[PDB]
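Here are the chains, one letter per residue:
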Amino acid sequence: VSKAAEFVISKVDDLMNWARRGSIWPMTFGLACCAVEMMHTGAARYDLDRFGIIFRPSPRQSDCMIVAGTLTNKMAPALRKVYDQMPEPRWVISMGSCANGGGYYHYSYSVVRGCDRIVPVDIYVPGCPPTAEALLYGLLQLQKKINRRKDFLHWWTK
Amino acid sequence: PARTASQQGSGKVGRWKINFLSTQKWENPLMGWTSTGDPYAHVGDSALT
Amino acid sequence: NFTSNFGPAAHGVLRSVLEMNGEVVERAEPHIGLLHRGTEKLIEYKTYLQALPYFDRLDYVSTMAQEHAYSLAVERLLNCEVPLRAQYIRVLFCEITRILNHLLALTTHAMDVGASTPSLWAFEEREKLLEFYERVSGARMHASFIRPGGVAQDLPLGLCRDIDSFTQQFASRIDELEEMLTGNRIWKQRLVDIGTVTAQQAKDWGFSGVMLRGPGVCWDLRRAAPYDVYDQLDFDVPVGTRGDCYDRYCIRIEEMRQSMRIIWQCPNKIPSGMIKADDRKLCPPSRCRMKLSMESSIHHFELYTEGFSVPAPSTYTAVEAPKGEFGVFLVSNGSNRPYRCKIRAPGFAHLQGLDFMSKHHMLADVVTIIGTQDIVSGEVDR
Amino acid sequence: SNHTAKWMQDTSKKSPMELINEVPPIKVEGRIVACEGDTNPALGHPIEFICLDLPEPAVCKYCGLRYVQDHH
Amino acid sequence: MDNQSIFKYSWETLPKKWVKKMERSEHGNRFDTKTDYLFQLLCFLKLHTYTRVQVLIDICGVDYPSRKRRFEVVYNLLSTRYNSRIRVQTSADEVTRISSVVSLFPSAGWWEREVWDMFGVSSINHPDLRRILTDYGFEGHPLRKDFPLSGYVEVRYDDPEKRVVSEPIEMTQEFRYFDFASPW
Amino acid sequence: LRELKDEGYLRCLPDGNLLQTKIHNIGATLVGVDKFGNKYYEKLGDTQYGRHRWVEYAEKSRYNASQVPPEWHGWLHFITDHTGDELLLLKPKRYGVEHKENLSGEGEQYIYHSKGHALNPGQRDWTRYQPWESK
Amino acid sequence: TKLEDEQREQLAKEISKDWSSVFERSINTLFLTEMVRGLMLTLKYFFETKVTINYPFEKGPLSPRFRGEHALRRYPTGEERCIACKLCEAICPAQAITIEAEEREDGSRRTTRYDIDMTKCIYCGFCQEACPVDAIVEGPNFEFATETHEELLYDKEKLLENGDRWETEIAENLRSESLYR
Amino acid sequence: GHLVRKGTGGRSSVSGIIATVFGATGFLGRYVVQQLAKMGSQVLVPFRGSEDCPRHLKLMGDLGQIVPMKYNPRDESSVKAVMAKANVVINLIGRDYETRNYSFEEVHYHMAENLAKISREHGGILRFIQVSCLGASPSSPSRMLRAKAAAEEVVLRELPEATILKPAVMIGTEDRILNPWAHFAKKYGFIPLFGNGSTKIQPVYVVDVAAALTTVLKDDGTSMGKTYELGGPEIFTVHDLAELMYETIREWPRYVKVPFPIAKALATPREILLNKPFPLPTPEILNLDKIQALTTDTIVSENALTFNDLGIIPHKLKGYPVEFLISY
Amino acid sequence: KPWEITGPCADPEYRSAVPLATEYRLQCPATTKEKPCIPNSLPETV
Ligand SMILES: NC(=O)c1ccc[n+]([C@@H]2O[C@H](COP(=O)([O-])OP(=O)(O)OC[C@H]3O[C@@H](n4cnc5c(N)ncnc54)[C@H](OP(=O)(O)O)[C@@H]3O)[C@@H](O)[C@H]2O)c1
Ligand code: SF4
Ligand code: SF4
Ligand code: SF4
Ligand SMILES: [Zn+2]
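As summarised from the PDB record, the model derives from cryo-EM at a stated resolution of 3.9 Å.

In structure tokens, the structure reads:
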């Protein structure tokens, strides 16, 4: 395995993952009241920019998509078209309780039972609306996921 | 619907009601909930009185 | 005439389409179905005590005035009086909710126009008030705390002292914010004379709340039809002289200050007593009685299985929500499920407003108009 | 054996039934008791007056405690 | 105990040709009229210099699937000058082109579109433009007592086959309906 | 020197947060230490209302929330100013499960599943009847 | 628009009474005194302290009346509390509970399956109010942010039973709410 | 142990099948798992190494229907635990180019043999569907084809009740001929024609290949040990296929020539330098197997079986199955 | 301080927004030093 080269590969993966986790750039999708709470996360109390996180509006240069709210049969195509227009490394955080699993209006027409059907959600979150602490902990869970992302090793073995 | 065979009240008799004899349920393999596919699964005896 | 689109801060989800001409909005038209849920259908296939959270979800900024309106509707239809301490704490929290909504709408307007520091300071204050919520009952937002006939749980001890501390520091904070925005020539030149509305077309397009009170006509439901303790709580009710963005803004700040006056008048008169009922047939019994007496258990069981039954008639009930005349139309008949509960959020009136009052302006002024209207697509669509 | 097999999965620590059989009877003195624990609220289990006129223990139908009369 | 004055004056001076029912309750005063004169009655109000309403608060539909006149249109409207509100409630069947009020109160186009798609009641003059609340081409009118809570065709999901599609409903954990009724 | 500098001090240079917590520490006092090794401090005084009780996780590299046990979770979220040692004097006996942080990402077996999910070694079957099943 | 011409004249004829007034207003709008005042306020806030709760080390304030990850308590004897009343399932406004019971072998009644697909369970609170034995409760834990929907479909009472890992903390809350609830 | 349909089609209907799809991470894998889970069936997908490569097909099915499991190859215990509870096994593994630590022989042949032997071990399977290629016995160049034919034989031998599909070259929303040609044209001097310029092939619509796979999967007691090929709807020369691509992309065609010497002398260094200590680039359009299968015509044997025996031939490769080009 | 010349910052009736712990919340909501007995009925009724 050239144990030295495997160590260099491990360090390269560490650097790459550290950069990608410390410069993460979300993309809001503020359908319903969770948007409010998400703003409270981006507010002064549980600051988000402190973790190197900037709500970039244009979906051509963002990394995550935060589906915060409640999908709708009228809104699904727009969400899918926005998701497609992102670069390769992507992640999806499903805020709220109806962006994941239908939630309340789950038992109602004109509502998509959870955004999992449209985009491949990565980490959801619980809440109604999730306490700003819960959303920030969700993003830190996303950091913990992207942190076990040995990638250069995969290319060196592929 | 005839009077319930447990109580002795009368506030639920003489109330014409239509049922769609829809019975096509099955067991959701993940958990065990009762799935269905008929749009008229419950409306006939849930709102149409 | 160009045909531009507008699908945007996070000021809700809305699809504006604009017949344009140079930099003039010859005709703006919103597409609004973009967030629909079937709240009325659900309420029907639901109940009273189970459908209260729906009203909590509508107009998700002002998260308690809605429950207050629904509770007033059920009580009016039901003839169930409510004790004085319940009324007083209910008004207290309705006014805290008004302050919440005003902070959010005002400073999000400031962000749309370009400022950011007012947004962050207002959001700190919103954090304080949401902490009050989650201490009294439930989560930060969406506290299902105002049931038919009073409140759910009594409030803790020390909450009044904290209320007073917040009152003082918040007078100071409003003063800071007003010094930061009111008078800045940029803000003045960006806001004034943008979206004039004569009272004739105001009453025509059926505005309510600050909007209707912006241009001239002085009419709010708290003074006209004083549903609750509001009499003993004298206040001011400001009114604007020339209906436009700047005057609606000043109205909003004066409404904040009057809400502070009310929020202080309550903890000086709050009559320590019982809450929420005197009949364990419309309000469930507390835990000690439920687990010791016998008929208390029967009533708790029946009341949490089938709820209370309200009689045949149908009613309309209006409340001065932070936005406007939040209306509820109940057509209940006999059984415990509300037949055809219809909502009358002011979002419809305010969007048709946008349509007519957004002519012969520029796109920055369209954004300004949305800001001053303080729309919540949640309630405009439900 | 079957109920705990339907719901529980671990089968390493003892099931609720096993624990409530591990607790011994109470051996009360009179003829009628009332089971809540030690508080009236905050511990639930509404008043459940249960007779004690049989040579075998008597369960409580909430948190079966198996009270038993002491003397004859 | 609120607005007996306006209601009494309006009933005692109206052309009594077009009033079918009057209810002076304490929940709300009702002028149930005929669908043929509705525009005439509403234009009487908003103009008479005593009972001038000048603001229309709501136009809501109610569905009764057991009467020959299936629907029930209801206009809740107040008088900001005389501090009073009345509720003019008309009947309406399946297809029966009801008059419009967008000429009088321009704040009815959206409420009349909403009552066009939620219910199925028509509207002869302008306000009957296309649907508003429901998304797009929609089978039924999803607020009468027939359109089930979960909709006819509502599954809507992505397809890497092509892009995205709408397919008939096969939901899991069917809607349970509890009874709770009580024969006294 | 270098011992503790490598233990819980030098990680701050590329970790950031640990530097802020070290500053809050030089201002701090001590109020508790929990079996997971972590130290709960309280710098009560003229500081503020939101930031005067906090915790150093004693896992310097991979420190994650929910590592706090329930008692210290309460004392840390201000719900009740009862110290972890007191709530652990309470500590219901006759049963109980030691704490375990929300793994949710370290393989499905450290993660968990329902009784019908294929990755669960149980994999129940939901039929609500039986077959005839002749010999 | 003829009146606007007339109004703009009087509004100018009113403020321009003397020379001191016009001079003051002119150098007021010419030296940006309101700009300077805004800048000074901003700089004060800059020098002032911050809020920045610094989450992963000092979380925010809560209240014993909080709602979060559910739990099923049990008596001090280790005996389960739930008795399958179906009250929680009946009052569920989201129908997010499924519960199915059977007479046990020893005689008492208990739940064979009890699950709450946490998503569909909006966190409203009615659970902990319908229960006549305080079986289900909402412990003050909000950090459970799994990466697969199935988890948030909390399992057939098993994981719910594991809510007893908070049994001390939860207990505290309940005591402080026995008085006024 | 015959399964039972317990629904009405559509999502959240059981219909019994549980399928392990080895290779379900790329093109045909995506399409076939889409078909299976839309029909309603549990699917277990293994991924060699990633956290997000199968992520997309995580959404094409109800909860707990699609399950991504673990590191797939080079371990018998891993493959066994992945096939722990399958009803059918669908094999699609196989690259188009060798990488130093792998080789056509190794991957195709030995992995097919491993899968056959572990299925023998877990002899509770019902249908082993192996998809290989439009490639014959070692009677053609491109050693991938020789090894793949040996793999076909050994999987038929270790599983006499198996089904081996031999589809022609596939064109779809993400293929490896049309997209490379469009990329090359849009980038610089236009496309080359290898071999002669008029070599014959039968391109096929991938959705229709997947429908054929679902059909042969169900196929109630009609063909349980069959090995046959899946051609296209019409015979296409490579020149005419390039002209089709050009008419659909709305650009001007230009072709490069003198194919065999440049092809050989410019594709041979890749393998040499490859087996010589770190990964090397991917063969964009100079793939040796491309050179071989284009220097020899392979269209249809007209001898064993076809779509016509299974189900109607693809729609046509003009209207919809090429409509994905409009992105240019 | 250099601003302190005009605005709310130069007014004796001005308060800041950093309430210290002891002065804002010196009694946590759970274990108060009292024992509240909320009323729930009137004697006549009971
Ligand atoms: N050229 C064609 O389009 C064509 C024409 C006829 C027949 N076929 C046949 O159709 C089948 C599917 O083709 P395809 O286009 O979809 O290719 P493919 O997606 O790349 O299929 C191979 C899969 O296995 C993975 N893989 C790669 N190297 C591996 C290794 N050493 N061990 C295990 N897995 C490995 C691949 O990448 P990951 O590791 O990222 O998963 C991919 O997931 C193949 O058997 C091919 O021979 C193809
Ligand atoms: S509880 Fe859910 S559906 Fe409701 S406003 Fe929140 S994110 Fe939306
Ligand atoms: S109300 Fe309490 S014990 Fe009764 S069925 Fe529900 S959680 Fe279970
Ligand atoms: S918390 Fe509410 S939404 Fe969740 S199940 Fe309990 S009663 Fe229903
Ligand atoms: Zn007991």
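Alright, that's what it looks like, and here's the rest.
For chain A and chain B, which are not in contact, the least C-alpha distance works out to 11 Å. These two, chain D and chain E, are apart from each other, with no contact and a minimum C-alpha gap of 20 Å.

On to the nonpolar core. By size, the foremost hydrophobic cluster in this structure holds 131 residues, and its most contacted members are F207 of chain C together with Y75 of chain E. Top contributing element to this core by residue count: helix 4 (residues 84-113) of chain C, with 14 residues. Residues within four places of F207 of chain C in sequence aside, it is in contact with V197, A202, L212, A349, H350, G353, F356 and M357 of chain C. Of all hydrophobic cores here, the second largest spans 90 residues; its members include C115 of chain A, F55 and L78 of chain C together with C88 of chain G.

The omega torsion across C128 of chain A and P129 of chain A is -10°, close enough to zero to call that bond cis. Within the fold, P129 of chain A resides in the loop between strand 3 (91-94) and helix 4 (132-147). Although it is not a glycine, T11 of chain D adopts a positive phi angle of roughly 55°. For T11 of chain D, the location among the structural elements is in the loop between helix 1 (3-7) and helix 2 (16-22).

For the rest of this paragraph, the subject is the coordination of the zinc ion (ligand 5). Looking at the zinc ion (ligand 5), the protein donor atoms are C35 of chain D (SG), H45 of chain D (NE2), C60 of chain D (SG), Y62 of chain D (O) and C63 of chain D (SG), and they sit 1.9 to 2.3 Å from it. Taking relative accessible area as the criterion, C63 of chain D reaches 4% and is therefore assigned buried.

In this section: the site of ligand 1. What surrounds ligand 1 is a group of 21 residues, the closest being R48, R95, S132, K148 and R176 of chain H. Ligand 1 sits at the junction of chains A and H, each of which supplies nearby residues. One of the side-chain N or O atoms of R48 of chain H is found 2.2 Å from an oxygen atom in ligand 1. Here ligand 1, which alone exposes 890 Å², has 90% of that area covered by the protein. Split by residue class, the shell around ligand 1 holds 11 nonpolar, five polar and five charged.

This part takes up the site of ligand 4. Close to ligand 4 lie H70, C92, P93, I97, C121, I122, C124, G125, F126, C127 and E138 of chain G, which account for all nearby residues. Among the residues forming the shell around ligand 4, the class breakdown is eight nonpolar, two polar and one charged.

Right, let's talk about the interface of chain G and chain A for a bit. Listed as interface residues are 27 residues of chain G and, on the opposing side, 29 residues of chain A. When the two sides are added together, the surface that chain G and chain A hide from each other amounts to roughly 2,500 Å², 65% of it contributed by carbon and sulfur. Among the residues chain G hides against chain A, the three largest losses belong to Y55, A145 and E147 of chain G. Together they make up 26% of the total. The residue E147 of chain G makes a salt bridge to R148 of chain A at a minimum N-O spacing of 3.1 Å. Our count for the contact surface shared by chain G and chain A stands at seven residue pairs in polar contact. Looking at side-chain class alone, the side of chain G that touches chain A contains 16 nonpolar, eight polar and three charged residues.

Reading the values: rules and limits
Residues numbered from 1 in each chain as written, not as in the entry; some residues may be left out. Chains lettered and ligands numbered in written order. Part of a larger assembly, values for the part shown. Heavy atoms only, no water. Residues with missing side-chain atoms left out of burial classes, pairs and counts. Contact = heavy atoms within 4.5 Å. Core = buried A, V, L, I, M, F, W, Y, C linked by side-chain atoms within 4.5 Å. Buried < 20%, exposed > 50% of the residue type's maximum accessible area, 1.4 Å probe, protein only. Helix = DSSP H or I, 4+ residues; strand = E, 2+ residues; numbered from the N terminus. Donors = N, O, S within 2.8 Å, 3.2 Å for Na, K, Ca; no water. Near = heavy atom within 4 Å. Polar contact = N/O pair within 3.5 Å; in protein donor to acceptor, adjacent residues only side chain to side chain. Areas by Shrake-Rupley, 256 points an atom, 1.4 Å probe, with all protein chains shown as cover. Nonpolar A, V, L, I, M, F, W, Y, C, P; charged D, E, K, R; others polar. Buried area = accessible area lost by both parts, 1.4 Å probe. Salt bridge = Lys/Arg side-chain N within 4 Å of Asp/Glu carboxyl O.

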